[PDB]
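Colleague: My structure is below; once you've seen it, I'll send some questions.
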Amino acid sequence: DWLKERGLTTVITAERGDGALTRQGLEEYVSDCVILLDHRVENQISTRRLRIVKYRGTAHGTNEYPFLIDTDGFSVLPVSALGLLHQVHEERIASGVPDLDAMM
Amino acid sequence: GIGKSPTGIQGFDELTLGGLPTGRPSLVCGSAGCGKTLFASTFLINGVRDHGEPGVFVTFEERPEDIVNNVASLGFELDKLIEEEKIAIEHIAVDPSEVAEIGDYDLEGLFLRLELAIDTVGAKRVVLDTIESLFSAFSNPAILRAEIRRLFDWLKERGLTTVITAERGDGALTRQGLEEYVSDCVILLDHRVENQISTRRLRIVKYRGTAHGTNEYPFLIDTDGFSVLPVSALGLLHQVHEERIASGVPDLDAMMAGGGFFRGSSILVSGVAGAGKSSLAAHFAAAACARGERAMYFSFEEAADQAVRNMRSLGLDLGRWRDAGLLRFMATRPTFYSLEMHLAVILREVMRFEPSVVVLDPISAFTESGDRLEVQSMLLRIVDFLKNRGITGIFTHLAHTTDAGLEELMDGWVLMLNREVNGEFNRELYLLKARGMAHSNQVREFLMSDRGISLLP
Amino acid sequence: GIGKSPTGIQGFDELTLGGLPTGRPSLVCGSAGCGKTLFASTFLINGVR
Amino acid sequence: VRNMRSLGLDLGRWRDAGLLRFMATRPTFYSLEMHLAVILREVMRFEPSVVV
Amino acid sequence: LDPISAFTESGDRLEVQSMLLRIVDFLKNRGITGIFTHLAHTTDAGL
Amino acid sequence: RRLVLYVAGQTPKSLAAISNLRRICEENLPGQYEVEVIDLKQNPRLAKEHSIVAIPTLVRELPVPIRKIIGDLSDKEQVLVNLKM
Ligand SMILES: Nc1ncnc2c1ncn2[C@@H]1O[C@H](COP(=O)(O)OP(=O)(O)OP(=O)(O)O)[C@@H](O)[C@H]1O
Ligand SMILES: Nc1ncnc2c1ncn2[C@@H]1O[C@H](COP(=O)(O)OP(=O)(O)O)[C@@H](O)[C@H]1O
Ligand SMILES: Nc1ncnc2c1ncn2[C@@H]1O[C@H](COP(=O)(O)OP(=O)(O)O)[C@@H](O)[C@H]1O
Ligand SMILES: [Mg+2]
Ligand SMILES: [Mg+2]
Ligand SMILES: [Mg+2]
């Protein structure tokens with residue numbers, strides 16, 4: 001209440017547990033934004049996923065997005081950000097095979 | 001029959017055969033993030049703004065600022081609806097720190113404040129949010145049990161329509177045993193992830209007093225709010241027309257009696273990659289536009305500019321019609337949205353534009369977006385919506401003949417073949433079926449060029 | 001609309017439509033080794049830098 | 001009706017005289033049990049000689 | 001990219017398709033000419 | 001030295017509450033603080049203004065940090081210990 005009261009942007013780290021997304025019931029308290037990070041192994045291959053369980057106040061992504069930790073740090077290239085806005089060009093490229101190039 | 005209160009959500013209302021029961025409590029169960037609070041909020045907002053019923057929102061955890069901000073984005077104005085007192089918000093918060101319990105206590109202030117709000121707003125609808133904090137605050141469980149049993153009895157006793165928000169838990173649909181209490185209507189909201197794709201479903205577990213839908217209905221939360229387009233509402237009542245549509249290919253049009261396929265029918269264009277399904281769809285759209293009619297070309301494979309300069313080689317100047325404002329391009333990838341939002345966006349834009357020919361290319365792109373049943377449900381809903389609106393639907397599908405079980409409805413079928421014979425590839429096309437008319441049964445070889453698609457003699 | 005604080009992570013920011021809410025608490029859940037501590041660390045570092 | 005009218009079968013005549021019944025129900029409208037129940041109930045009520 | 005089919009068993013079909021779609025979209029947005037080599041067994045992998 | 005007692009109606013709980021308040025205040029100790037009794041039924045609004053939920057309630061505002069006691073004040077010793085300073 002005091003952090004909200006003086007207006008700071010706060011991020012809380014909590015463990016998952018066994019029954020719910022938290023073992024100490026901090027979900028009871030923080031409901032403005034809940035982000036679940038998972039690290040699951042399938043066929044011996046382990047992958048890291050991120051999910052926005054509940055973000056109160058506006059729309060957001062709801063799928064599980066695989067993320068990566070690299071030298072830069074967190075990197076997330078969601079497949080839902082791709083758009084069909086591709087500027088086309090009227091030039092031609094040379095394959096290097098004259099016969100194939102002339103065929104078209 | 002029994003009374004029912006509409007909740008604004010058309011799909012849920014028609015699923016329930018009128019809406020939630022009037023004068024009885026309703027339970028909304030579901031884990032965090034399912035949308036119970038928004039469900040109650042739209043309940044109250046729609047009741048006040050469409051059916052003239054004042055509302056009261058008694059929240060035990062969230063503050064009024066949070067309650068208003070949650071729905072501020074959906075387009076409602078709780079600030080204005082309170083600024084006018086059509087919905088009255090009561091933040092009933094109890095702090096156990098300064099509470100010491102000696103003797104027996106009754107939650108009398110709860111009743112007094114709730115009655116004051118009801119009389120102030122002339123309320124008929126009530127929402128009870130996060131009633132688990134009430135149990136968590138006080139220590140004596142029996143007193144709280146008796147008090148809210150009296151509260152529910154009192155709400156029924158003065159005849160208000162109440163909706164209660166409850167968490168799910170681990171064993172049953174509720175963790176505090178509010179099912180023991182509320183059995184008039186139970187609605188379970190679920191948010192399940194499969195193959196990394198998360199979907200939101202609604203189910204009416206128990207609705208006492210009349211029939212209702214029993215399946216799990218996938219719903220969506222959008223700018224409007226809750227939207228539910230159940231697949232069980234589709235009906236086979238389609239007004240038919242005796243007019244004909246022009247495909248834009250004179251030879252193909254003459255091949256069939258009457259000059260073309262019947263208007264408002266579903267036309268499938270099947271073929272292998274490179275057959276010319278997109279070319280035929282573009283021909284249809286351009287022919288529709290040339291007559292002064294509107295047309296939409298939903299593309300899940302190409303951008304607008306790329307499609308333009310692909311068709312400009314065939315001579316179809318789609319830029320002219322798009323620039324004059326008679327042709328619309330979407331160019332949306334299958335993975336951009338979920339199936340529900342794909343359906344919703346298609347329906348919304350089709351309704352807004354009011355076109356005469358809608359070309360979906362290709363319907364096979366949604367193959368791996370979900371299970372076969374979900375994609376089939378989306379396609380069936382789209383086809384039924386178009387047929388009810390009386391719009392000519394041109395669906396392009398890729399071939400590997402039967403493709404995905406959606407040919408089962410199509411009125412007309414055009415198969416385009418690109419065969420390898422005699423050390424060279426030849427193009428052909430034929431009408432696999434054309435309902436309600438006689439048509440040529442010849443595999444007419446054609447040859448696409450700058451003048452367009454032209455069938456050989 | 002509501003305020004939002006970017007966290008440096010472009011993908012997460014565009015997923016959230018701006019980032020985490022400003023002036024409100026955010027919960028990061030996950031078992032050991034998921035990356036909650038690093039999430040918070042880059043949050044602070046990107047916010048400052 | 002207008003698909004069969006091309007073949008010459010004037011189903012409108014028999015439907016209008018009251019000797020032919022059409023249901024036109026989608027598979028997903030009901031569950032399997034209610035599909036069966038509706039079919040049985042209407043067949044019993046109408047008492048026809050040919051069900052297609 | 002030679003060959004795009006090499007990623008067949010790296011994961012499920014959906015994950016590999018997501019990776020390939022992201023790569024193709026990135027290249028097309030950058031306006032680079034992408035030459036992908038795939039092995040045949042015609043349609044190969046839905047890409 | 002001010003105390004407020006919120007009750008509702010001629011309820012057995014509220015009547016016993018005020019009677020027990022009389023008893024603990026008089027027999028146990030002198031008149032260190034002044035009591036004011038408010039019956040909520042006539043003014044439901046005041047219930048919202050003071051943020052009252054469970055009847056009966058005994059609230060002290062003399063110290064900066066508020067303190068409430070919920071119930072009918074049956075335990076004399078516990079009530080006195082909670083109100084002692
Ligand atoms: N000017 C032209 N002259 C002859 N053939 C042409 C011309 N322009 C395009 N084509 C043919 O059109 C073919 C593409 O047709 P189209 O895009 O309609 O096919 P499609 O079935 O929709 O393809 P896809 O499976 O890629 O979506 C090209 O492969 C080329 O063979
Ligand atoms: N503008 C919006 N557009 C789409 N979805 C929204 C919007 N605002 C909120 N939501 C959805 O509402 C959910 C929270 O709803 P709410 O009912 O308040 O929480 P809960 O489901 O835990 O009761 C979020 O997880 C989010 O998906
Ligand atoms: N330089 C690095 N490159 C890639 N990954 C790293 C690097 N440093 C740490 N990590 C990852 O961070 C993880 C621990 O992150 P941290 O959030 O501190 O623990 P937890 O996830 O338990 O809160 C390690 O399991 C490791 O995979
Ligand atoms: Mg909620
Ligand atoms: Mg195409
Ligand atoms: Mg850690």
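Residues are named by chain letter and number: chains run A, B, ... in the order of the structure tokens, numbers start at 1 in each chain, and ligands are numbered from 1 in the order shown.
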Using only C-alpha atoms and all ligand atoms, what are the residues with an atom within 9 Å of ligand 3, set out as an MDAnalysis selection string?
Modeller: (chainID A and resid 13:15 37 68:74) or (chainID C and resid 30:41)
Colleague: Can you write out as a tab-separated table which residues of chain A fall within 12 Å of ligand 4, alongside each residue's closest atom pair and its distance in Å to one decimal, counting only C-alpha atoms and all ligand atoms and ordering rows by chain and ascending residue number?
Modeller:
```
residue	atom	partner	partner_atom_place_in_ligand_line	distance
A:27	CA	ligand 4	1 (Mg)	11.0
A:28	CA	ligand 4	1 (Mg)	10.4
A:29	CA	ligand 4	1 (Mg)	11.8
A:30	CA	ligand 4	1 (Mg)	11.3
A:31	CA	ligand 4	1 (Mg)	8.1
A:32	CA	ligand 4	1 (Mg)	10.1
A:33	CA	ligand 4	1 (Mg)	11.6
A:53	CA	ligand 4	1 (Mg)	11.8
A:54	CA	ligand 4	1 (Mg)	9.0
A:55	CA	ligand 4	1 (Mg)	10.4
A:56	CA	ligand 4	1 (Mg)	8.7
A:57	CA	ligand 4	1 (Mg)	11.4
```
Colleague: Based on DSSP run over this structure's backbone, return all residues of chain E in helix (DSSP H, G or I), as a list in words.
Modeller: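 Written out, the helix (DSSP H, G or I) residues of chain E are residues 4, 5, 6, 7, 13, 14, 15, 16, 17, 18, 19, 20, 21, 22, 23, 24, 25, 26, 27, 28, 29 and 30 of chain E.
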Colleague: Pull C-alpha atoms from the residues just selected and write them as a PDB file, in the first residue's frame.
Modeller:
```pdb
ATOM      1  CA  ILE E   4      15.582 -25.970 -43.929  1.00  0.00           C
ATOM      2  CA  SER E   5      14.534 -29.618 -43.538  1.00  0.00           C
ATOM      3  CA  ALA E   6      17.452 -30.365 -41.194  1.00  0.00           C
ATOM      4  CA  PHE E   7      15.423 -28.962 -38.271  1.00  0.00           C
ATOM      5  CA  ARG E  13       6.308 -29.378 -36.283  1.00  0.00           C
ATOM      6  CA  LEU E  14       4.749 -26.206 -34.864  1.00  0.00           C
ATOM      7  CA  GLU E  15       7.978 -24.954 -33.241  1.00  0.00           C
ATOM      8  CA  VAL E  16      10.078 -25.524 -36.375  1.00  0.00           C
ATOM      9  CA  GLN E  17       7.387 -23.872 -38.488  1.00  0.00           C
ATOM     10  CA  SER E  18       7.375 -20.884 -36.126  1.00  0.00           C
ATOM     11  CA  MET E  19      11.154 -20.553 -36.422  1.00  0.00           C
ATOM     12  CA  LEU E  20      11.048 -20.814 -40.218  1.00  0.00           C
ATOM     13  CA  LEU E  21       8.187 -18.315 -40.491  1.00  0.00           C
ATOM     14  CA  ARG E  22      10.017 -15.837 -38.265  1.00  0.00           C
ATOM     15  CA  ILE E  23      13.187 -16.183 -40.350  1.00  0.00           C
ATOM     16  CA  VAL E  24      11.318 -15.784 -43.646  1.00  0.00           C
ATOM     17  CA  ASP E  25       9.374 -12.759 -42.405  1.00  0.00           C
ATOM     18  CA  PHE E  26      12.549 -11.127 -41.075  1.00  0.00           C
ATOM     19  CA  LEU E  27      14.316 -11.628 -44.409  1.00  0.00           C
ATOM     20  CA  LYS E  28      11.343 -10.328 -46.403  1.00  0.00           C
ATOM     21  CA  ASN E  29      11.008  -7.262 -44.165  1.00  0.00           C
ATOM     22  CA  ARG E  30      14.730  -6.588 -44.608  1.00  0.00           C
TER      23      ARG E  30
END
```
Colleague: For ligand 5, return the neighbouring residues as a PyMOL selection string (distance at most 10 Å; only C-alpha atoms and all ligand atoms).
Modeller: chain B and resi 273-282+299-302+307+310+361-362+396-398
Colleague: Please build the interface table for chain B against ligand 2 with a cut-off of 8 Å, listing for each qualifying residue the nearest atom pair and the distance in Å to one decimal; count only C-alpha atoms and all ligand atoms, order rows by chain and increasing number, and write it as a Markdown table.
Modeller:
```
| residue | atom | partner | partner_atom_place_in_ligand_line | distance |
| --- | --- | --- | --- | --- |
| B:30 | CA | ligand 2 | 21 (O) | 7.3 |
| B:31 | CA | ligand 2 | 22 (O) | 6.5 |
| B:32 | CA | ligand 2 | 22 (O) | 3.5 |
| B:33 | CA | ligand 2 | 21 (O) | 3.2 |
| B:34 | CA | ligand 2 | 21 (O) | 3.5 |
| B:35 | CA | ligand 2 | 17 (O) | 3.0 |
| B:36 | CA | ligand 2 | 17 (O) | 4.0 |
| B:37 | CA | ligand 2 | 17 (O) | 3.5 |
| B:38 | CA | ligand 2 | 17 (O) | 4.3 |
| B:39 | CA | ligand 2 | 17 (O) | 6.5 |
| B:70 | CA | ligand 2 | 8 (N) | 6.2 |
| B:71 | CA | ligand 2 | 8 (N) | 6.6 |
| B:72 | CA | ligand 2 | 1 (N) | 8.0 |
| B:73 | CA | ligand 2 | 1 (N) | 4.7 |
| B:74 | CA | ligand 2 | 1 (N) | 4.9 |
| B:165 | CA | ligand 2 | 23 (O) | 7.6 |
| B:221 | CA | ligand 2 | 4 (C) | 4.8 |
| B:222 | CA | ligand 2 | 4 (C) | 4.7 |
| B:223 | CA | ligand 2 | 3 (N) | 5.5 |
| B:225 | CA | ligand 2 | 3 (N) | 7.0 |
```
Colleague: From the DSSP assignment of the backbone, select every residue of segment 157-315 of chain B that is strand (DSSP E), and format the answer as a ChimeraX atom specification.
Modeller: /B:161-166,185-194,197-207,217-221,226-227,266-271,295-299
Colleague: Near residue 31 of chain F, counting only C-alpha atoms, which residues have an atom at most 12 Å away, once you skip same-chain residues fewer than 6 positions from it, shown as a list in words?
Modeller: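 The neighbour list is residues 1, 2, 3, 21, 22, 23, 24 and 25 of chain F.
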Colleague: Export N, CA, C and O atoms of the chosen residues as a PDB file, in the first residue's frame?
Modeller:
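And here's part-v6.pdb as it stands now:
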```
ATOM      1  N   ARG F   1      -9.271  11.368  25.135  1.00  0.00           N
ATOM      2  CA  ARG F   1      -9.946  10.250  25.785  1.00  0.00           C
ATOM      3  C   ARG F   1     -11.389  10.125  25.304  1.00  0.00           C
ATOM      4  O   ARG F   1     -12.326  10.440  26.037  1.00  0.00           O
ATOM      5  N   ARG F   2     -11.562   9.652  24.072  1.00  0.00           N
ATOM      6  CA  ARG F   2     -12.873   9.517  23.455  1.00  0.00           C
ATOM      7  C   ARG F   2     -13.062   8.096  22.940  1.00  0.00           C
ATOM      8  O   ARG F   2     -12.145   7.511  22.355  1.00  0.00           O
ATOM      9  N   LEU F   3     -14.253   7.546  23.158  1.00  0.00           N
ATOM     10  CA  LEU F   3     -14.597   6.209  22.694  1.00  0.00           C
ATOM     11  C   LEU F   3     -15.949   6.260  22.001  1.00  0.00           C
ATOM     12  O   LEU F   3     -16.849   6.981  22.445  1.00  0.00           O
ATOM     13  N   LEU F  21     -20.201  -2.206  28.655  1.00  0.00           N
ATOM     14  CA  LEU F  21     -19.357  -1.019  28.638  1.00  0.00           C
ATOM     15  C   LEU F  21     -19.550  -0.209  29.910  1.00  0.00           C
ATOM     16  O   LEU F  21     -18.577   0.221  30.538  1.00  0.00           O
ATOM     17  N   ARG F  22     -20.804  -0.013  30.317  1.00  0.00           N
ATOM     18  CA  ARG F  22     -21.085   0.644  31.588  1.00  0.00           C
ATOM     19  C   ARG F  22     -20.353  -0.054  32.727  1.00  0.00           C
ATOM     20  O   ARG F  22     -19.680   0.588  33.541  1.00  0.00           O
ATOM     21  N   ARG F  23     -20.469  -1.382  32.786  1.00  0.00           N
ATOM     22  CA  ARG F  23     -19.902  -2.131  33.904  1.00  0.00           C
ATOM     23  C   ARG F  23     -18.379  -2.017  33.948  1.00  0.00           C
ATOM     24  O   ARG F  23     -17.811  -1.636  34.978  1.00  0.00           O
ATOM     25  N   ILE F  24     -17.701  -2.322  32.840  1.00  0.00           N
ATOM     26  CA  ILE F  24     -16.242  -2.229  32.829  1.00  0.00           C
ATOM     27  C   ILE F  24     -15.782  -0.799  33.087  1.00  0.00           C
ATOM     28  O   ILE F  24     -14.830  -0.572  33.842  1.00  0.00           O
ATOM     29  N   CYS F  25     -16.438   0.190  32.476  1.00  0.00           N
ATOM     30  CA  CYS F  25     -16.009   1.570  32.663  1.00  0.00           C
ATOM     31  C   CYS F  25     -16.144   2.002  34.118  1.00  0.00           C
ATOM     32  O   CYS F  25     -15.256   2.671  34.659  1.00  0.00           O
TER      33      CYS F  25
END
```
Colleague: When you look at residue 48 of chain C with a cut-off of 12 Å (counting only C-alpha atoms), what residues show up, excluding the ones that are within fewer than 6 positions of it in the same chain? I need them as a count of residues only.
Modeller: 6
